[PDB]
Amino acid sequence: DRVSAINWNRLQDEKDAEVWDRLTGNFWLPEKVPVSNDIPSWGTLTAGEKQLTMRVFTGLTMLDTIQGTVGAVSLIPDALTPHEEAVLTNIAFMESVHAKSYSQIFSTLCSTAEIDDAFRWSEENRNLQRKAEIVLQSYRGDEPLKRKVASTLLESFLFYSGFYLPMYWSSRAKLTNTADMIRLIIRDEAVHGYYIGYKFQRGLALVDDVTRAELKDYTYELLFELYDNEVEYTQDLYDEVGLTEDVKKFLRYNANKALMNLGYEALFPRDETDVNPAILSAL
């Protein structure tokens, strides 16, 4: 059936206009960040440190490929307003921009062989493939609200967690221009998670008590299914440079943030999410 022409002179929810204006006013492309000034500092990393960074960036690239090309678009049919549909087309585009920014970093700093090996690792890593399957299954299913749970967990939990490393390097005066690129991605991702979680809460208010309890159950279930897999992914990547336990605190910190974006309470208390202060500055 019918599509109505959109009328931006009759807003149904002013939040849609505010998010449009913010997301569009923050438009950027990766070519405008001078990553080539990181070449000296990338030279000071060991082969193991460079491999870890490339692998983490390849995993993030996967999540943005999923969010732009499947995630954000699968939300469009469930919009409450026409203007939300428009915002979702911007979010899809910007996820593609985020995914391409990693290729711009690699193109400036790394060799073809190192890149090919990072992409091959991502195809074969069981934890990365499992995290993709879990969100893809929710996006392709037929329950709108559960899809926004998965999306917010992708934006505010899974994604945010791989940002640890560029911020760890930045805090040691390394790879500072790469860190600037990543802060452009975070500035988008904080809005996406906020907006999608907002629309989730508006959707929740229109269902009965039973459905609402079902969604809180599902949120916790998917959160801990993702969290379990994310810990295993985190261990295999970070164990050798010794950052695992601090990244796991960052994961707990971010899980709380995902829950709050959805309108639920923080689960982990403050003294168990106490990330190295330098990492928090760098965001």
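Heads up: residue numbers just count along the shown sequence, starting at 1.
**Student:** Please compare 182-190 with 85-93 and say which has the higher mean C-alpha temperature factor in the record.
**Tutor:** Comparing 182-190 with 85-93, the higher mean C-alpha B-factor belongs to 182-190.
**Student:** Would you tell me which stretch averages the higher CA B-factor in the PDB entry, 29-37 or 57-65?
**Tutor:** Taking the mean C-alpha B-factor of 29-37 and of 57-65, the larger value falls to 29-37.
**Student:** Select one of 262, 23, 267, 17: the residue whose C-alpha shows the highest B-factor in the crystal structure entry.
**Tutor:** In this record, 267 carries the highest C-alpha B-factor of the candidates.
**Student:** Between 134, 196, 76, 205, let me know which has the highest C-alpha B-factor in the entry?
**Tutor:** By C-alpha B-factor in the record, 205 ranks first.
**Student:** Lowest, middle or highest third of the chain for the C-alpha temperature factor of residue 115?
**Tutor:** It belongs to the middle third of the chain when residues are ordered by C-alpha B-factor.
**Student:** Using the temperature factors of the C-alpha atoms in this entry, rank residue 229 within its chain: lowest, middle or highest third.
**Tutor:** Within its chain, residue 229 is a lowest-third residue by C-alpha B-factor, going by the deposited values.
**Student:** Select lowest, middle or highest to describe the third in which the CA B-factor of residue 130 falls within its chain in this entry.
**Tutor:** CA B-factor rank for residue 130: middle third.
**Student:** Quick check on the deposited entry: does the C-alpha B-factor of residue 103 sit in the lowest, middle or highest third of its chain?
**Tutor:** Tercile = lowest for this residue's CA B-factor.
**Student:** Comparing against every modelled residue in the chain, figure out the third that the C-alpha B-factor of residue 150 lands in (lowest, middle or highest).
**Tutor:** Its C-alpha B-factor belongs to the lowest third of this chain's values.
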